[PDB]
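Each chain gets a letter, A, B and so on, in the order the sequences are listed, and its residues count up from 1.
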Amino acid sequence: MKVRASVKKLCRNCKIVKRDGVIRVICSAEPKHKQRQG
Amino acid sequence: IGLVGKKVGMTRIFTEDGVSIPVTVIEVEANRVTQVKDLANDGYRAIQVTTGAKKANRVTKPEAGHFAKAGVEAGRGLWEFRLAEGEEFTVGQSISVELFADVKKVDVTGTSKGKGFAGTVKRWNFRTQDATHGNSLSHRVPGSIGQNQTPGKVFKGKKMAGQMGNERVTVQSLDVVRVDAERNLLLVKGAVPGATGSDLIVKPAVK
Amino acid sequence: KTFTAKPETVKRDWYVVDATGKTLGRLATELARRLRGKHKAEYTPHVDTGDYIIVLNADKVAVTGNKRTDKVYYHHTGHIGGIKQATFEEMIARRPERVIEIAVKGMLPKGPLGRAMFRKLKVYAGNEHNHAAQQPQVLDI
Amino acid sequence: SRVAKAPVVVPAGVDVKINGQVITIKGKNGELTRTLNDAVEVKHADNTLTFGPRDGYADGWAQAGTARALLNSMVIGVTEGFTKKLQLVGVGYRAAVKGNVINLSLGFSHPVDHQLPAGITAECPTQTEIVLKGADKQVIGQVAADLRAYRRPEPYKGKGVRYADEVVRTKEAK
RNA sequence: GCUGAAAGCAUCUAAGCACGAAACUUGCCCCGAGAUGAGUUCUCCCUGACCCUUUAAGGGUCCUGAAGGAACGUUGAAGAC
RNA sequence: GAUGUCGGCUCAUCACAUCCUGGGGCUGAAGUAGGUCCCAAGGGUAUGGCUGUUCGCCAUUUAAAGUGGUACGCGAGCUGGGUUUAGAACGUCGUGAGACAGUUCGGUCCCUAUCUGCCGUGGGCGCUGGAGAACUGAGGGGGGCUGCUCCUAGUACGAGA
RNA sequence: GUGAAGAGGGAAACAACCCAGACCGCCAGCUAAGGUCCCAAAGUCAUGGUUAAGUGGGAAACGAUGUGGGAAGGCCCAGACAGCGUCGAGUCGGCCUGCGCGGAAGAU
Ligand SMILES: [K+]
Ligand SMILES: [K+]
Ligand SMILES: [K+]
Ligand SMILES: [K+]
Ligand SMILES: [K+]
Ligand SMILES: [K+]
Ligand SMILES: [K+]
Ligand SMILES: [K+]
Ligand SMILES: [K+]
Ligand SMILES: [K+]
Ligand SMILES: [K+]
Ligand SMILES: [Mg+2]
Ligand SMILES: [Mg+2]
Ligand SMILES: [Mg+2]
Ligand SMILES: [Mg+2]
Ligand SMILES: [Mg+2]
Ligand SMILES: [Mg+2]
Ligand SMILES: [Mg+2]
Ligand SMILES: [Mg+2]
Ligand SMILES: [Mg+2]
Ligand SMILES: [Mg+2]
Ligand SMILES: [Mg+2]
Ligand SMILES: [Mg+2]
Ligand SMILES: [Mg+2]
Ligand SMILES: [Mg+2]
Ligand SMILES: [Mg+2]
Ligand SMILES: [Mg+2]
Ligand SMILES: [Mg+2]
Ligand SMILES: [Mg+2]
Ligand SMILES: [Mg+2]
Ligand SMILES: [Mg+2]
Ligand SMILES: [Mg+2]
Ligand SMILES: [Mg+2]
Ligand SMILES: [Mg+2]
Ligand SMILES: [Mg+2]
Ligand SMILES: [Mg+2]
Ligand SMILES: [Mg+2]
Ligand SMILES: [Mg+2]
Ligand SMILES: [Mg+2]
Ligand SMILES: [Mg+2]
Ligand SMILES: [Zn+2]
C-alpha cells in the first residue's frame, strides 16, 4: 500500500474507488500500484 | 459455590518422591445453609451459609431469629455464595469439605495481616535515597510528589504512606493437596492471606 | 407587584411520554421546557412550577446522521488519564435511560433548582412504569 | 437503473411471496428469504417481477439495480442451484468431507476443520479438490472465501487453496 | 473479503453480510448505596393513661424504657488516636 | 518591595512523530532474516568505565535499551559536582587598580503546612418508627511485560547453506 | 477611531473590535449591534434552493467517477459506450461554476 496525499492511476488497469470516505487506487495487474489517500 | 473455613496454620506434606509440599491447613467444618436467595424474591441466586458455633447469649434476638427460621444452630458469622445455573440447595442443608474432593485448584480469600500505617518504602516498594553523601533528613521520605505549576496539584491514586494490609485478598489457583472429610480438613499448597485462626473463603479456581 | 408562584402551593401534574422514534434533542427540549414550567403562565424563575414526566422506551430514541455510531459521550473519572468514552450505541446497550437523562440535564438550568427540576423526570427503558398511582396523562411530544 | 430496467423472469416451480419488502421464493431445490431496501417496489405479474425507484429516495434507481441482481440470483439457485469449486495445491494438501464439516490438512501443526453453514453442503471429488453447492450466491461465495483464506495462494509456487477457476500470478524470487 | 448495483462491465459499499490487534467494552482482583437516584432481602423490638390550647406533621404531665446500642472492664495475629 | 539557576537522586504524569511486544500492505519478500509504509500508547523499555556533565565515546547486556511535553517536570522533597561572591595561583591583557563567554585549588542550600491537592483514618447528620445482619452493583481503582528451550519438524521452503 | 480619562448592550469569558456616550427615579414603550430549539429574552417563522462532511463548529500545494447549476464539443438507430459477430438508447471527456471530501500528528 502506498499512502499518499496524491493518489492516481499508474497504468491502464489501475482503478479509482472511494471506500469508507477514502480515495483508493486498486489495480488488477500490479500490487505496487495499490494506493490509499492519507 | 465455595465453603468458609478457618486458617489452622501451615505445615508440610512429604511425598513418596521426596518432595516437601508447603501446605496451609484449612479447617472446613460443616457450612449450614441459613438462607436460599432466588430471582423472584431477591433478584439473584445465592446461598447464605454459617459455620462454627456461637455463644448462646452473644447471639442477638435479630440474629437468633434469622437462624431460628432456617432450623440451624448459630455459627460465628454469615457468608454468601452465588449459585450457577446448574446448582440448587435447601435451607438447613449441610455442605462439607467433600464438595472439594474432585476440585484440583482453589482460590482462597482472607483478610490480610494488618501492618498499620506503612511508609512508601514498605507499602509501595519505593527506593530509599542516599544513606550518606550529604542527604539531609530524607532517607526513607517519598521524594517528589508531582511536577510544577503544570499541573499545580497531586494526582489521585498517588502512592503515599498510609494503612497497609488488614484488607480482603484473594490468592488464585492454589493446588488442593488433600481433602479429609473425617477431620474436616482441606490442605492447599502454599500460603494464603491472614493470621492463624482467621476466616477463609475457599472456592474452586475461577481460572 | 408582579405575581410570584409559591413552592408550597404550585400545582404539578404527572405526564407520560413515549420516546420511541422521537429525535433525541427535539424530545429533550420539550421535556426540559415542561420540567422547568415554561409552558405555564405562573412560570417563576426561582420556583419549580414544572410537571412530573415519565419517559417510556428510552432505548428506542432516534438520532439523525451517523450519531448512533459517531456521537461520543465523554466523562473523566477524576483520576489522571481517566478520560472515558462511550458511543451513543454503546450507551443505548448498557445504560439507555442515561442518553435521555444526559440530554435533558444539559438543557436544564445549572444549580440547586435545576437539579430539583431533573428529579421530576422519570426515564424508563421499557414500556412499563411503576407510577400508576400518580395517574399519568399521555403527553404527545 | 439498466439492471432494474430488465425485469426478472419467474419460472414454473418458483413461488413468489411479496409482503411489503420481504421476497420469499420457494423453488424445488430449496427456499430463500430477502428483505429489501425501502426505495424498491416489486411488481410481480405475468410470471414476471419488475423493479423501480419510489419517490423520496434519491438513490432509488441504484437500489433497484441491486434488488434485481439479488432476485435473478434467488430465481436461479432454487431452480438450478449455485455451485463453487476449489482446488488444493501443495506437498500433501488433502481435503475431506464428514457430513457438514470439511476436514482440511493444509500443512499446519493442527487439522483445520470447516463447519459448512445451514443449506450450504459440500463433497470432495478428489483429495485435491472441493465442490460447494447451495441456493444462495452470497453464502456459497463467503464459505469458499473462508476455505481459501486458510491457506491463500502464495506468490512463488501458487500453493494453497485456489479457486479452481482463478489464475495465480507467480513471481521468480530474487 | 462475500454478495452488489449506481456505471449492461467492473467495483469490499452505496442497500445487505463476514473477518480482523497487547488499543476499546467485558471476563480476573479490590473498593463501592452520601448511587441525596441514599436501593434490596432476612430477622428482631415497642400495642399505657391523660391534659392543654393561636388545632396541628402542635406542647406538656404521669406511667413506661423494648429490640438494640453505648459506656466501663479484661483484651487482640486490629491499631498513631 | 526576589518566579532559585546546570547535572544527578527520589517520585513521576501525559503525547505519539512507536524502541520492544501485537495487527497489517508493498518489496528488487524462496525460507531464515531484512527494507519501506500503515494501524496500534495495553504493558514493557540496561548495567558499567571516563567526565560536574546532559551528551558522547567505550565495555558488556537486552525483546527493546523509543522521541518529546510537563517552570529545558520535580531544591517549602534530597544533593551541591558544574556555574556566578569574598581567599589564592598560572597563562593572557593592562603602567596600574584590576580583568578573562581561559584555567586551577578552597569555599554556610532556612521554613513546626493555614488553604487547595494527595494518601490514609474517624466524628456528625441524612437516607422518614427503631434495631441487628446479609447483600445488589451505579460507579471507581488495580492488573495487562516478555526471553529461552522442546514438540510440531530438520517438515514447508531451498541448488545447497 | 476607540481605550487612556468611558459605564451600558454584543463578540462564551475578552481596556483598545461592533453597537452606543450613564444628571436622578419608574415592576411603561420603541429600537441598535447582535439575536429568536433548551441552558437564555424572542420564529422549532414562511417560501425556494444547497450540504451528508456534525461540513457548519481550524489548515495549503496537490489528489479524486462526492454532489447541484451553466454554456458549448464528439459519436449515435448509416446501431454509439460497455459486455461483445451481437444487443437496442444513450454514451465519451474537458470548460466554467455552487456546496462538500482527502491532504490534517501533541502533550492534566
Ligand atoms: K442505603
Ligand atoms: K517523561
Ligand atoms: K512489513
Ligand atoms: K504502548
Ligand atoms: K524555571
Ligand atoms: K537542582
Ligand atoms: K515552592
Ligand atoms: K525540606
Ligand atoms: K487556597
Ligand atoms: K471618548
Ligand atoms: K462540528
Ligand atoms: Mg474498513
Ligand atoms: Mg497489625
Ligand atoms: Mg537505590
Ligand atoms: Mg543542614
Ligand atoms: Mg540523616
Ligand atoms: Mg486549575
Ligand atoms: Mg447561567
Ligand atoms: Mg456486478
Ligand atoms: Mg502478553
Ligand atoms: Mg511580593
Ligand atoms: Mg500513529
Ligand atoms: Mg498507559
Ligand atoms: Mg488509553
Ligand atoms: Mg484490555
Ligand atoms: Mg551512561
Ligand atoms: Mg527544570
Ligand atoms: Mg523530561
Ligand atoms: Mg532544604
Ligand atoms: Mg519546588
Ligand atoms: Mg560547586
Ligand atoms: Mg579574588
Ligand atoms: Mg495615565
Ligand atoms: Mg466599554
Ligand atoms: Mg458579557
Ligand atoms: Mg419590539
Ligand atoms: Mg426563551
Ligand atoms: Mg420551519
Ligand atoms: Mg469542524
Ligand atoms: Mg479543504
Ligand atoms: Zn496499475
Side-chain angles (χ1 to χ4, degrees), chain A residues 1-8 15-23 26 31-32 34 36-38, chain B residues 35 37 41-44 46 48 60-66 69 78 80 113-114 116-117 126-127 129-130 133-136 138 141-151 153-163 166-168 170 172 195-198 206-207, chain C residues 1-2 25-26 28-29 32-33 65-67 70 77 79-81 90 106-110 119, chain D residues 1-3 35 37 59 61-63 65-66 69-70 73 90-91 107 109 137-138 141-142 145-146 149 155-156 173-174:
Chain A
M1 190 69 75
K2 292 166 170 46
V3 181
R4 293 180 171 190
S6 172
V7 297
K8 44 181 56 167
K15 304 178 184 62
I16 307 301
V17 66
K18 188 173 188 168
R19 291 180 180 170
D20 199 13
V22 182
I23 306 306
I26 64 174
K32 291 187 165 193
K34 190 177 49 161
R36 178 172 182 278
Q37 203 169 44
Chain B
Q35 189 178 3
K37 312 225 188 164
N41 183 54
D42 301 279
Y44 72 105
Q48 193 191 67
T60 70
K61 265 181 153 287
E63 291 182 312
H66 185 60
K69 165 156 178 177
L78 291 175
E80 274 189 41
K113 283 177 130 181
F117 199 115
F126 280 17
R127 306 318 193 186
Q129 297 174 58
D130 295 353
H133 291 296
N135 185 295
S136 299
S138 300
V141 304
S144 181
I145 66 172
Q147 296 85 36
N148 201 314
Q149 169 162 192
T150 305
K153 68 168 179 181
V154 177
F155 296 128
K156 281 190 204 299
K158 178 72 190 80
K159 292 176 181 178
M160 298 186 138
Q163 174 59 36
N166 199 43
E167 64 181 8
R168 187 190 177 108
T170 306
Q172 290 184 310
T196 294
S198 64
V206 72
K207 301 181 174 179
Chain C
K1 302 184 98 71
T2 286
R26 299 182 182 265
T29 57
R33 164 159 181 290
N66 290 298
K67 281 179 274 187
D70 301 6
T77 64
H79 294 247
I80 189 60
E90 299 171 314
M107 294 187 201
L108 285 174
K110 313 305 183 285
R119 290 169 177 110
Chain D
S1 67
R2 178 148 43 193
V3 175
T35 199
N37 194 260
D59 56 351
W61 259 131
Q63 301 291 351
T66 181
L70 296 173
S73 274
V91 171
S109 306
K137 198 182 179 181
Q138 195 279 312
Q142 185 59 77
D146 295 355
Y156 293 112
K174 68 180 288 184

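Within the 4.0 angstrom heavy-atom criterion, only backbone atoms of the sugar-phosphate kind lie near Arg168(B); the bases stay farther away. Contact annotation for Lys207(B): backbone-only contact, meaning every heavy-atom pair under 4.0 Å involves sugar-phosphate atoms and none involves a base. Within the 4.0 angstrom heavy-atom criterion, only backbone atoms of the sugar-phosphate kind lie near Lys15(A); the bases stay farther away. When heavy atoms are screened at a 4.0 angstrom cut-off, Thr2(C) is found touching base atoms of the nucleic acid. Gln37(A) comes within contact range of at least one nucleobase, with a heavy-atom separation under 4.0 Å. Contacts of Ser6(A) with the nucleic acid, taken as non-hydrogen atoms under 4.0 Å apart, involve only primed sugar atoms and P, OP1 or OP2. At the heavy-atom level, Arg36(A) lies nowhere under 4.0 Å from the strands shown. Across all strands shown, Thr150(B) has heavy atoms under 4.0 Å from base atoms, whether or not it also approaches the sugar-phosphate. At a threshold of 4.0 angstrom between heavy atoms, the contacts of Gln63(D) include nucleobase atoms, whether or not backbone atoms are also involved. Nucleic acid contact for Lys153(B): base, since at least one base atom lies under 4.0 Å from a heavy atom of the residue. Among the protein residues, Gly197(B) comes within range of no part of the nucleic acid, since none of its heavy atoms lies under 4.0 Å from any strand. Contact annotation for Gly43(B): no contact, since no heavy-atom pair falls under 4.0 Å across all strands. Residue-level contact check: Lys69(B) touches the backbone only, with heavy atoms under 4.0 Å from sugar-phosphate atoms and none from bases.
Between the side chain of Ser138(B) and the base of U10(F) there is no donor-acceptor pair of N/O atoms closer than 3.5 Å. With hydrogens and angles ignored, no donor-acceptor pair under 3.5 angstrom links the side chain of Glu80(B) to the base of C135(F). Residue-to-nucleotide contacts include no donor-acceptor pair under 3.5 Å from the side chain of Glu63(B) to the base of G132(F).
Pairing partner, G34(F): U27(F), with both Watson-Crick or wobble hydrogen-bond distances short of 3.5 Å. As the counterpart of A15(F), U67(F) is assigned, both hydrogen-bonding distances of the Watson-Crick or G-U wobble pattern falling under 3.5 Å. Partner assigned to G68(E) is none, using Watson-Crick or G-U wobble distances below 3.5 angstrom.
A side chain to side chain contact (heavy atoms under 4.5 Å, CB included) with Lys2(A) holds for exactly one of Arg36(A), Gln37(A), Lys32(A); it is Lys32(A).
Place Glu167(B) and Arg119(C) on RNA chain E by their nearest nucleotides, and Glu167(B) ends up nearer the 5' end.
Applying the 3.5 Å cutoff to both bonds, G34(E) and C125(F) register as a Watson-Crick or G-U wobble pair.
A negative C1'-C2'-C3'-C4' angle places the sugar of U18(F) in the south (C2'-endo) family.
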